[PDB]
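To be precise, the following lines are run.csv, and they hold CSV, N, CA and C atoms.
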chain,number,residue,atom,x,y,z
A,1,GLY,N,-44.7,83.9,-27.5
A,1,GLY,CA,-44.6,82.5,-27.8
A,1,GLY,C,-44.5,81.7,-26.5
A,2,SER,N,-44.8,80.4,-26.5
A,2,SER,CA,-44.8,79.6,-25.3
A,2,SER,C,-44.6,78.1,-25.9
A,3,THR,N,-44.5,77.2,-24.9
A,3,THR,CA,-44.3,75.7,-25.2
A,3,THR,C,-45.3,75.0,-24.3
A,4,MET,N,-45.7,73.8,-24.7
A,4,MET,CA,-46.6,72.9,-23.9
A,4,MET,C,-46.2,71.5,-24.1
A,5,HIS,N,-45.9,70.8,-23.0
A,5,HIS,CA,-45.5,69.4,-23.0
A,5,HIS,C,-46.2,68.8,-21.7
A,6,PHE,N,-46.2,67.5,-21.6
A,6,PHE,CA,-46.7,66.7,-20.5
A,6,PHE,C,-45.9,65.4,-20.3
A,7,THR,N,-46.2,64.7,-19.2
A,7,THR,CA,-45.5,63.4,-18.9
A,7,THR,C,-46.5,62.4,-18.4
A,8,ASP,N,-46.1,61.2,-18.3
A,8,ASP,CA,-46.8,60.0,-17.7
A,8,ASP,C,-45.9,59.4,-16.8
A,9,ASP,N,-46.4,58.6,-15.9
A,9,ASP,CA,-45.7,57.8,-14.8
A,9,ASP,C,-46.0,56.4,-14.9
A,10,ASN,N,-45.0,55.6,-14.4
A,10,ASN,CA,-45.1,54.1,-14.4
A,10,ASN,C,-44.2,53.7,-13.2
A,11,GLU,N,-44.3,52.5,-12.6
A,11,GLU,CA,-43.5,52.1,-11.5
A,11,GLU,C,-42.1,51.9,-12.0
A,12,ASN,N,-41.1,52.1,-11.2
A,12,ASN,CA,-39.7,52.0,-11.5
A,12,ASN,C,-39.0,51.5,-10.2
A,13,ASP,N,-38.9,50.2,-10.1
A,13,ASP,CA,-38.4,49.5,-8.9
A,13,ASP,C,-37.1,48.8,-9.4
A,14,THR,N,-36.4,48.2,-8.5
A,14,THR,CA,-35.1,47.5,-8.8
A,14,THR,C,-35.4,46.3,-9.8
A,15,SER,N,-36.6,45.7,-9.7
A,15,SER,CA,-37.1,44.6,-10.5
A,15,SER,C,-36.1,43.5,-10.5
A,16,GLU,N,-35.6,43.0,-9.3
A,16,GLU,CA,-34.7,41.9,-9.2
A,16,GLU,C,-35.1,41.0,-8.0
A,17,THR,N,-34.4,39.9,-7.7
A,17,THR,CA,-34.7,39.0,-6.6
A,17,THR,C,-33.6,38.9,-5.6
A,18,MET,N,-33.8,38.3,-4.5
A,18,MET,CA,-32.7,38.1,-3.5
A,18,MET,C,-31.5,37.4,-4.1
A,19,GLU,N,-31.7,36.4,-4.9
A,19,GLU,CA,-30.6,35.6,-5.5
A,19,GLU,C,-29.7,36.6,-6.3
A,20,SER,N,-30.3,37.5,-7.1
A,20,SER,CA,-29.6,38.4,-7.9
A,20,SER,C,-28.6,39.2,-7.1
A,21,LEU,N,-28.9,39.5,-5.8
A,21,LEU,CA,-28.1,40.3,-4.9
A,21,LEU,C,-26.9,39.4,-4.5
A,22,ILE,N,-27.2,38.3,-3.9
A,22,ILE,CA,-26.2,37.4,-3.3
A,22,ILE,C,-25.2,37.0,-4.4
A,23,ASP,N,-25.8,36.7,-5.6
A,23,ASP,CA,-25.0,36.2,-6.8
A,23,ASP,C,-23.9,37.2,-7.2
A,24,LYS,N,-24.1,38.5,-6.9
A,24,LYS,CA,-23.1,39.6,-7.2
A,24,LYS,C,-22.3,40.0,-6.0
A,25,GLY,N,-22.7,39.5,-4.8
A,25,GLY,CA,-22.1,39.9,-3.5
A,25,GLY,C,-22.8,41.0,-2.8
A,26,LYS,N,-24.1,41.2,-3.0
A,26,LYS,CA,-24.9,42.3,-2.4
A,26,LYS,C,-25.4,41.6,-1.1
A,27,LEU,N,-24.6,41.6,0.0
A,27,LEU,CA,-25.1,41.0,1.3
A,27,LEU,C,-25.5,42.1,2.2
A,28,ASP,N,-25.3,43.4,1.8
A,28,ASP,CA,-25.7,44.6,2.6
A,28,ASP,C,-27.0,45.2,2.2
A,29,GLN,N,-27.7,44.5,1.3
A,29,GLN,CA,-29.0,45.0,0.8
A,29,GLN,C,-29.9,43.7,0.5
A,30,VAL,N,-31.2,43.9,0.5
A,30,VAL,CA,-32.1,42.7,0.3
A,30,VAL,C,-33.3,43.2,-0.5
A,31,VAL,N,-34.1,42.2,-1.1
A,31,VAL,CA,-35.3,42.4,-1.9
A,31,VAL,C,-36.4,41.7,-1.1
A,32,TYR,N,-37.5,42.4,-1.1
A,32,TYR,CA,-38.8,42.0,-0.5
A,32,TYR,C,-39.8,42.9,-1.1
A,33,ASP,N,-41.0,42.3,-1.5
A,33,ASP,CA,-42.1,43.0,-2.1
A,33,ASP,C,-41.7,43.8,-3.4
A,34,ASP,N,-40.7,43.2,-4.2
A,34,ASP,CA,-40.2,43.8,-5.5
A,34,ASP,C,-39.5,45.2,-5.2
A,35,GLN,N,-38.9,45.3,-4.0
A,35,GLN,CA,-38.3,46.5,-3.6
A,35,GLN,C,-36.9,46.2,-3.1
A,36,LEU,N,-36.0,47.2,-3.2
A,36,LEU,CA,-34.6,47.0,-2.7
A,36,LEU,C,-34.4,47.9,-1.5
A,37,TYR,N,-33.8,47.4,-0.5
A,37,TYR,CA,-33.5,48.1,0.7
A,37,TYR,C,-32.0,47.9,1.0
A,38,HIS,N,-31.4,48.9,1.7
A,38,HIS,CA,-30.0,49.0,2.1
A,38,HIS,C,-29.9,48.9,3.6
A,39,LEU,N,-29.1,47.9,4.1
A,39,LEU,CA,-28.9,47.8,5.5
A,39,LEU,C,-28.0,48.9,5.9
A,40,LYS,N,-28.2,49.5,7.1
A,40,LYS,CA,-27.4,50.6,7.7
A,40,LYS,C,-26.8,50.1,9.0
A,41,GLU,N,-27.7,49.7,9.9
A,41,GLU,CA,-27.2,49.2,11.2
A,41,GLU,C,-28.1,48.2,11.8
A,42,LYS,N,-27.6,47.5,12.9
A,42,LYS,CA,-28.3,46.5,13.7
A,42,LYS,C,-29.2,47.2,14.7
A,43,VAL,N,-30.3,46.6,15.0
A,43,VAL,CA,-31.3,47.2,16.0
A,43,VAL,C,-31.8,46.1,17.0
A,44,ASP,N,-32.4,46.6,18.1
A,44,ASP,CA,-32.9,45.7,19.1
A,44,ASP,C,-34.3,45.3,18.6
A,45,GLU,N,-34.9,44.3,19.1
A,45,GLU,CA,-36.2,43.8,18.8
A,45,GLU,C,-37.3,44.7,19.3
A,46,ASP,N,-37.0,45.6,20.3
A,46,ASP,CA,-37.9,46.6,20.8
A,46,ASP,C,-38.1,47.8,19.9
A,47,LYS,N,-37.1,48.0,18.9
A,47,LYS,CA,-37.2,49.1,18.0
A,47,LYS,C,-38.2,48.9,16.9
A,48,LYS,N,-38.7,47.6,16.7
A,48,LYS,CA,-39.7,47.4,15.7
A,48,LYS,C,-41.0,47.9,16.1
A,49,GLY,N,-41.9,48.2,15.2
A,49,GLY,CA,-43.3,48.7,15.5
A,49,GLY,C,-44.4,47.7,15.2
A,50,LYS,N,-44.1,46.8,14.2
A,50,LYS,CA,-45.0,45.8,13.7
A,50,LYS,C,-44.4,44.9,12.6
A,51,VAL,N,-44.8,43.6,12.5
A,51,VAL,CA,-44.3,42.7,11.5
A,51,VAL,C,-45.1,43.1,10.2
A,52,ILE,N,-44.4,43.2,9.1
A,52,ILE,CA,-45.0,43.6,7.8
A,52,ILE,C,-44.8,42.5,6.7
A,53,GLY,N,-43.8,41.7,6.8
A,53,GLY,CA,-43.5,40.6,5.9
A,53,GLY,C,-42.5,39.7,6.5
A,54,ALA,N,-42.0,38.7,5.7
A,54,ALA,CA,-41.0,37.7,6.1
A,54,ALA,C,-40.2,37.2,4.9
A,55,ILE,N,-38.9,37.3,5.0
A,55,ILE,CA,-38.1,36.8,3.9
A,55,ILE,C,-38.0,35.3,4.1
A,56,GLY,N,-37.5,34.9,5.3
A,56,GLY,CA,-37.4,33.4,5.7
A,56,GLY,C,-36.5,32.6,4.8
A,57,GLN,N,-35.9,33.1,3.7
A,57,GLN,CA,-35.1,32.4,2.8
A,57,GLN,C,-33.7,32.0,3.4
A,58,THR,N,-33.0,31.2,2.7
A,58,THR,CA,-31.6,30.7,3.1
A,58,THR,C,-30.8,30.4,1.9
A,59,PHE,N,-29.6,30.9,1.8
A,59,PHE,CA,-28.7,30.7,0.7
A,59,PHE,C,-27.3,30.4,1.2
A,60,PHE,N,-26.4,30.1,0.3
A,60,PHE,CA,-25.0,29.8,0.7
A,60,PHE,C,-24.0,30.4,-0.4
A,61,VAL,N,-22.8,30.8,0.0
A,61,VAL,CA,-21.8,31.3,-0.9
A,61,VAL,C,-20.4,30.8,-0.4
A,62,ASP,N,-19.4,30.9,-1.2
A,62,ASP,CA,-18.0,30.5,-1.0
A,62,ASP,C,-17.2,31.7,-0.6
A,63,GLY,N,-15.9,31.5,-0.5
A,63,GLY,CA,-14.9,32.5,-0.2
A,63,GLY,C,-14.8,33.6,-1.3
A,64,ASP,N,-15.2,33.3,-2.5
A,64,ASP,CA,-15.2,34.2,-3.6
A,64,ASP,C,-16.5,35.0,-3.7
A,65,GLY,N,-17.5,34.5,-3.1
A,65,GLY,CA,-18.9,35.1,-3.0
A,65,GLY,C,-19.8,34.5,-4.1
A,66,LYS,N,-19.6,33.3,-4.5
A,66,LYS,CA,-20.4,32.6,-5.6
A,66,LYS,C,-21.5,31.8,-5.0
A,67,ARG,N,-22.7,31.9,-5.6
A,67,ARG,CA,-23.9,31.2,-5.1
A,67,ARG,C,-23.7,29.7,-5.3
A,68,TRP,N,-23.7,28.9,-4.2
A,68,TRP,CA,-23.6,27.5,-4.3
A,68,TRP,C,-24.8,26.9,-5.0
A,69,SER,N,-24.6,25.9,-5.9
A,69,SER,CA,-25.6,25.2,-6.6
A,69,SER,C,-26.1,24.1,-5.8
A,70,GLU,N,-27.3,23.6,-5.8
A,70,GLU,CA,-27.8,22.5,-5.1
A,70,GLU,C,-27.0,21.2,-5.4
A,71,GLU,N,-26.5,21.1,-6.6
A,71,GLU,CA,-25.8,19.9,-7.0
A,71,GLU,C,-24.4,19.9,-6.3
A,72,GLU,N,-23.9,21.0,-5.9
A,72,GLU,CA,-22.7,21.2,-5.1
A,72,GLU,C,-23.0,20.9,-3.6
A,73,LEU,N,-24.2,21.2,-3.2
A,73,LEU,CA,-24.7,21.0,-1.8
A,73,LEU,C,-24.9,19.5,-1.5
A,74,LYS,N,-25.4,18.7,-2.5
A,74,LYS,CA,-25.8,17.3,-2.2
A,74,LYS,C,-24.5,16.5,-1.9
A,75,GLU,N,-23.3,17.0,-2.4
A,75,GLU,CA,-22.1,16.3,-2.2
A,75,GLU,C,-21.7,16.1,-0.7
A,76,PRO,N,-20.9,15.1,-0.4
A,76,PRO,CA,-20.5,14.8,1.0
A,76,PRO,C,-19.5,15.8,1.3
A,77,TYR,N,-19.5,16.3,2.6
A,77,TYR,CA,-18.6,17.3,3.0
A,77,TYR,C,-17.2,16.7,3.3
A,78,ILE,N,-17.2,15.7,4.2
A,78,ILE,CA,-16.0,14.9,4.5
A,78,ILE,C,-15.7,14.2,3.2
A,79,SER,N,-14.4,14.3,2.8
A,79,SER,CA,-13.9,13.7,1.6
A,79,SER,C,-12.3,13.6,1.8
A,80,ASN,N,-11.7,12.9,0.9
A,80,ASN,CA,-10.2,12.7,1.0
A,80,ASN,C,-9.3,13.8,0.5
A,81,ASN,N,-9.8,14.8,-0.1
A,81,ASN,CA,-9.0,16.0,-0.6
A,81,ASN,C,-9.5,17.3,0.1
A,82,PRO,N,-9.0,17.6,1.3
A,82,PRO,CA,-9.4,18.8,1.9
A,82,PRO,C,-9.0,20.1,1.2
A,83,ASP,N,-8.1,20.0,0.2
A,83,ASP,CA,-7.6,21.2,-0.5
A,83,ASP,C,-8.6,21.5,-1.7
A,84,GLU,N,-9.1,20.5,-2.3
A,84,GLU,CA,-10.0,20.7,-3.5
A,84,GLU,C,-11.4,21.2,-3.1
A,85,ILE,N,-11.8,21.2,-1.8
A,85,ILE,CA,-13.1,21.7,-1.4
A,85,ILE,C,-13.1,23.2,-1.2
A,86,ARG,N,-14.3,23.8,-1.0
A,86,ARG,CA,-14.4,25.2,-0.8
A,86,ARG,C,-15.3,25.5,0.5
A,87,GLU,N,-15.2,26.7,1.0
A,87,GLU,CA,-15.9,27.1,2.2
A,87,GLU,C,-17.4,27.4,1.7
A,88,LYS,N,-18.3,27.3,2.7
A,88,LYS,CA,-19.7,27.5,2.4
A,88,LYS,C,-20.3,28.3,3.6
A,89,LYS,N,-20.5,29.6,3.4
A,89,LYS,CA,-21.0,30.6,4.3
A,89,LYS,C,-22.5,30.6,4.2
A,90,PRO,N,-23.3,30.1,5.2
A,90,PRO,CA,-24.7,30.1,5.2
A,90,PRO,C,-25.2,31.6,5.4
A,91,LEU,N,-26.4,31.9,4.7
A,91,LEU,CA,-27.0,33.2,4.8
A,91,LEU,C,-28.5,32.9,5.1
A,92,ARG,N,-28.8,33.1,6.4
A,92,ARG,CA,-30.2,32.8,6.9
A,92,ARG,C,-31.0,34.1,7.0
A,93,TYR,N,-32.1,34.3,6.3
A,93,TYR,CA,-32.9,35.5,6.3
A,93,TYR,C,-34.1,35.3,7.2
A,94,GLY,N,-34.4,36.3,7.9
A,94,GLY,CA,-35.3,36.7,8.9
A,94,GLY,C,-36.6,37.4,8.5
A,95,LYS,N,-37.6,37.4,9.4
A,95,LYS,CA,-38.9,38.1,9.1
A,95,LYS,C,-38.6,39.6,9.0
A,96,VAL,N,-39.5,40.4,8.6
A,96,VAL,CA,-39.4,41.9,8.4
A,96,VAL,C,-40.4,42.6,9.2
A,97,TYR,N,-40.0,43.8,9.7
A,97,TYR,CA,-40.8,44.7,10.6
A,97,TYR,C,-40.7,46.1,10.0
A,98,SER,N,-41.5,47.0,10.6
A,98,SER,CA,-41.5,48.4,10.4
A,98,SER,C,-40.8,49.1,11.5
A,99,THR,N,-40.2,50.3,11.1
A,99,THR,CA,-39.5,51.1,12.1
A,99,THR,C,-40.6,51.8,12.9
A,100,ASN,N,-40.3,52.3,14.1
A,100,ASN,CA,-41.3,53.0,14.9
A,100,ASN,C,-41.3,54.5,14.4
A,101,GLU,N,-42.0,54.7,13.3
A,101,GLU,CA,-42.2,56.0,12.7
A,101,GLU,C,-43.6,56.6,12.7
A,102,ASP,N,-44.6,55.7,12.8
A,102,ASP,CA,-46.0,56.0,12.9
A,102,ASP,C,-46.5,57.0,11.8
A,103,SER,N,-45.8,57.0,10.7
A,103,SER,CA,-46.1,57.9,9.6
A,103,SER,C,-46.3,57.2,8.3
A,104,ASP,N,-46.7,57.9,7.2
A,104,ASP,CA,-47.0,57.4,5.9
A,104,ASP,C,-45.7,57.1,5.1
A,105,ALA,N,-44.5,57.6,5.5
A,105,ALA,CA,-43.2,57.5,5.0
A,105,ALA,C,-42.9,56.1,4.4
A,106,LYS,N,-42.8,55.1,5.3
A,106,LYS,CA,-42.5,53.7,4.9
A,106,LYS,C,-41.3,53.6,4.0
A,107,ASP,N,-40.3,54.5,4.2
A,107,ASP,CA,-39.1,54.5,3.4
A,107,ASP,C,-38.0,53.8,4.1
A,108,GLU,N,-38.2,53.2,5.3
A,108,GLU,CA,-37.2,52.5,6.1
A,108,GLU,C,-38.1,51.4,6.7
A,109,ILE,N,-37.5,50.2,6.9
A,109,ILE,CA,-38.0,49.0,7.4
A,109,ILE,C,-36.9,48.2,8.2
A,110,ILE,N,-37.2,47.1,8.8
A,110,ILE,CA,-36.2,46.3,9.6
A,110,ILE,C,-36.2,44.9,9.1
A,111,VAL,N,-35.1,44.5,8.5
A,111,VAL,CA,-34.9,43.2,7.9
A,111,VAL,C,-34.0,42.3,8.9
A,112,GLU,N,-34.5,41.1,9.2
A,112,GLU,CA,-33.8,40.2,10.1
A,112,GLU,C,-32.8,39.4,9.2
A,113,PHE,N,-31.6,39.2,9.7
A,113,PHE,CA,-30.6,38.4,9.0
A,113,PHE,C,-29.7,37.7,10.0
A,114,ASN,N,-29.3,36.5,9.8
A,114,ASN,CA,-28.5,35.7,10.8
A,114,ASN,C,-29.1,35.8,12.2
A,115,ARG,N,-30.4,35.8,12.3
A,115,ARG,CA,-31.2,35.8,13.5
A,115,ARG,C,-31.0,37.1,14.4
A,116,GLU,N,-30.6,38.2,13.7
A,116,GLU,CA,-30.4,39.5,14.3
A,116,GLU,C,-31.3,40.5,13.5
A,117,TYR,N,-31.8,41.5,14.1
A,117,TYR,CA,-32.7,42.5,13.4
A,117,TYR,C,-31.8,43.7,13.0
A,118,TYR,N,-31.9,44.1,11.7
A,118,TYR,CA,-31.1,45.3,11.2
A,118,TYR,C,-32.1,46.2,10.6
A,119,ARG,N,-31.8,47.5,10.6
A,119,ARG,CA,-32.7,48.6,10.0
A,119,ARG,C,-32.2,48.9,8.6
A,120,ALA,N,-33.1,48.8,7.7
A,120,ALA,CA,-32.8,49.1,6.3
A,120,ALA,C,-33.6,50.3,5.7
A,121,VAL,N,-33.2,50.8,4.6
A,121,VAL,CA,-33.8,52.0,3.9
A,121,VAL,C,-34.0,51.7,2.4
A,122,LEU,N,-35.1,52.2,1.9
A,122,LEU,CA,-35.6,52.1,0.5
A,122,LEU,C,-34.5,52.7,-0.3
A,123,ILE,N,-33.9,52.0,-1.3
A,123,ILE,CA,-32.8,52.5,-2.1
A,123,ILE,C,-33.4,53.2,-3.3
A,124,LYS,N,-34.3,52.6,-4.0
A,124,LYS,CA,-35.0,53.0,-5.2
A,124,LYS,C,-35.6,54.4,-5.0
A,125,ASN,N,-35.9,54.8,-3.7
A,125,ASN,CA,-36.4,56.1,-3.3
A,125,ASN,C,-35.5,57.2,-3.4
A,126,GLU,N,-34.2,56.9,-3.4
A,126,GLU,CA,-33.1,57.9,-3.5
A,126,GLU,C,-32.4,57.6,-4.8
A,127,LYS,N,-31.5,58.6,-5.2
A,127,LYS,CA,-30.7,58.5,-6.4
A,127,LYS,C,-29.3,58.8,-5.8
A,128,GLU,N,-28.8,57.8,-5.1
A,128,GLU,CA,-27.5,57.8,-4.4
A,128,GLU,C,-27.0,56.4,-4.3
As structure tokens:
Amino acid sequence: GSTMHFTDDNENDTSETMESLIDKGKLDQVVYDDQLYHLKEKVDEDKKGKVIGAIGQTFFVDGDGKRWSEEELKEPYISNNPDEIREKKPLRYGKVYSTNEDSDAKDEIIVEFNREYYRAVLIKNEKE
């Protein structure tokens, strides 16, 4: 006796956006090209091999890590109750580059954030 079965494949990515990350407090990982990458360390601009994309986005959060709404942003900063207000941490995203790997891999890339370049890794690629 024997058995016979088969399978099919389909894409399986994070299927989320940059906002979704910040909204939960995921500041150590980013989304670009429908993919999720994990920041590991900061790198020099000479470590890049080529520009591949650009996030260029900008968002803000408070001391709790909540996404500031534009309605909260239009408000005047200086006001009469300095206790009632909240902090606003800006998050400026940078262009994206490739690591100097010269291979088909493309499992790691370099995401710029706060005007500094950091090296990231494909998360969806691993099960960790």
Checklist outcome for this item: In Å and to one decimal, atom C of residue A:103 is distant from atom CA of residue A:14 by 22.6 Å
Next on the checklist: Can you tell me which residues surround stretch 36-41 of chain A at a distance of at most 5 Å, considering only N, CA and C atoms, apart from same-chain residues fewer than 3 positions away, and format the answer as a ChimeraX atom specification?
Outcome noted: /A:28-31,118-123
Next on the checklist: Just the number, please: distance in Å from atom CA of residue A:128 to atom N of residue A:33, one decimal.
Outcome noted: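 Rounded to one decimal, the two atoms are 20.8 Å apart.
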Item to check | Which of chain A DSSP labels alpha helix (DSSP H), written as a ChimeraX atom specification | outcome: /A:18-24,70-73
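The spacing separating atom CA of residue A:43 from atom CA of residue A:100 amounts to 11.6 Å.
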Next on the checklist: Could you go through chain A and tell me which residues DSSP, when run on the backbone, assigns to strand (DSSP E or B), listing them as an NGL selection string?
Outcome noted: :A and (29-32 or 35-43 or 48-54 or 58-61 or 67 or 89-99 or 108-113 or 116-122)
Checklist entry - At most 7 Å from (-27.1, 32.0, -8.5), file frame, only N, CA and C atoms: which residues, as a count of residues only? => result 7
Checklist entry - Smallest atom-to-atom distance to residue A:63: which of A:89, A:44, A:82, A:75, using only N, CA and C atoms? => result A:89
Next on the checklist: Can you pull out the residues contacting residue A:55? Cut-off 8 Å, using only N, CA and C atoms, and skip same-chain residues under 2 positions away; I want them as number ranges by chain.
Outcome noted: A: 31-32, 53, 57-58, 92-96, 111-112
Checklist entry - If we count only C-alpha atoms, what is near residue A:46 at a cut-off of 12 Å, once residues fewer than 2 positions away on the same chain are taken out, given as a ChimeraX atom specification? => result /A:42-44,48-51,97-100,110,117-118
Checklist entry - Which of these residues is nearest to residue A:108, using only C-alpha atoms: A:69, A:17, A:2, A:35? => result A:35
